[PDB]
C-alpha cells in the first residue's frame, strides 16, 4: 500500500498559461480526486519547467533576466491554477534548489552505472520542443521572418543543426529492456494505439541520447553537469527528474516545500502510478524516462496516459474567462466530456451550451430538483421504500453496477467513458421518473411514491458521488440539497446502494438553482 502518485507535465515558462496546461493539469486533478474519494492517500503533482535555451531565449526577447522572467511566469501559472480550483498537493519549479540536488544525484548515478560517456551530437534539433530529431522527422517550411527553412514534422517548429561535444546516455543499450517492459505490462501506456506507436519506434532501434550541452548554447540557464562546469544537463533530463524530486519532498499545509528526504521509499510515492501527458511529449516519458530509471536502478512508473491535446501550442480560450462565463465546474465537465483520446473535439460556444443545457441542466439538474421538490417530497426526507417492482429492480441494478463500471474507467484512465457511464444511469433515472409520474403519486398512492422517491434519491446520490471528481463544487451543493452527511460523501463504503438511511432530512431551500440554462 502506497501513496497514489499522479503527476501532470511541468510546463515551459516561455509564455503565459493557457487552455492546454489547464487541461493537462485538470486530468491530473481528476484522477487524484477520484482516488481520494476511494479514501486512498494521494499526492498529485504539477509545476513548471524553467531551464533551457527555449526559456532563456524567451526571457531574452522580453529584455528581462531569466530569474525574474521565470519567477513572474511561474507566479502566473500558480495564479491560474489556484483560480481554476484544483486540489493539487504540490507545485514544483525546476529552479528549486532541492530539485537541482536530485538531478545531480540522478546524473551521478547514471554516470557510475557506466551509462554516460563523452561523445558528439551532430544533427537536427528543435529548440521550441527541446528535442533531437533525425532527418526523417524534418521537412521544408517557413520561419517567422518568411525565409525557407527546415521544420519538425512533430510540430512544425523551426529546426537547427547542432554539432557539439555532448555527454551521451546509452539509450541504445536499453532497447531490449524497454521492449520487455512494454510487453509484460500492456496497460503501461494509454491509449492502446500510442502503446503500439512506442513499441514500433523502439522496435526500429534507438540511438544514444545527448544528455548535456555546451554552456554557451543554453545562455548558462541550466543545471551544471557534476564534475564538468563547461556542460549543462539536458533540459529534459532535468525536467523528467521533477517526478523523482516531487516524490521526495515533505510539504507543509501552506503548500511550501520544507525538506528533501534522502530515499524515496521514505514518502511511499515513487514511482508514479499515473503520468498524465500530452501526445507531443510521449518519447520523453515512455522511452527516455524508463531508460534513465533502469540505468539508475529505480522502479518504473505504472502508467503513462497521453491525452489528445498538445502540452503546448498557439476557438480562443482564456480558461478563467470561460469559467467566469459558463462556470468553473461546468467548463471542466465540458472539457472532460468532449475530449476523447483525439482532436475530434467540438469546443464551439454552441456545443458548450448544448452540453451545459442538455446534460448538466436537463438531465442532472432537473433530477435533483424533482427529488428534492416540496411538491413531490412533501416531508423533505429520505422515505423508507416499500416493495420493489421489476421496473424498480432494473433501475436499482444499474445504480448498483455504476460504481464498479465508473471505477474501471477511472483506472484506465478514461474520464470521458466514466462520465458517459454515470450519465447513462442519469438518463435511466429520468426515464423511470417520467414513467412513474411521482407528481401524480403524491395524491394517488403515497406508499408507491415512497419507493419511487427513495430510488430516485439514491440514484442521484451515487451518480453525484461518482461525478464528484468532475464537479467538485456542485457535488457539494447536490449533497447539501439531499442532506447527505459528510461521512457518506466519501469512501467505497458509500459506493453501495442504501448507504444513506431512510429518515435522513434534506437540506434547506436555496430559489437559486444548480445549472441555469444559457441562451442559444
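Positions refer to the first chain, counted from 1. Here, rigid core means the biggest group of C-alpha atoms that superpose within 1.5 Å across both forms.
After a core fit, the C-alpha atoms in 9 other deposited structures of this protein lie farther on average from the shown form in one of 301-309 and 340-348, namely 340-348.
Core superposition of the other structures onto this form places the C-alphas of 317-325 farther off in 9 other deposited structures of this protein than those of the other stretch among 317-325 and 95-103. According to the PDB entry, the deposited sequence contains 4 to 9 residues between residue 314 and residue 315 that lack coordinates. The gap between residue 510 and residue 511 holds 1 to 3 unmodelled residues of the deposited sequence.
In this crystal structure, the stretch out of 59-67 and 468-476 whose C-alpha atoms carry the higher mean B factor is 59-67. According to the PDB record, 372-380 carries the higher mean C-alpha B-factor of the two stretches 372-380 and 399-407. The residue among 416, 342, 163, 241 whose C-alpha carries the highest B-factor in the deposited model is 342. Out of 430, 95, 259, 212, the entry records its largest CA B-factor for 259. Residue 25: CA B factor lies in the lowest third for its chain, per the PDB record. Among all modelled residues in its chain, residue 270 ranks in the lowest third by Cα B-factor. In the PDB entry, residue 283 places in the lowest third of its chain by CA B-factor. Among all modelled residues in this chain, the alpha-carbon of residue 19 has a temperature factor (C-alpha) in the middle third.
In the deposited entry, the Cα temperature factor of residue 119 places it in the lowest third of its chain's modelled residues.
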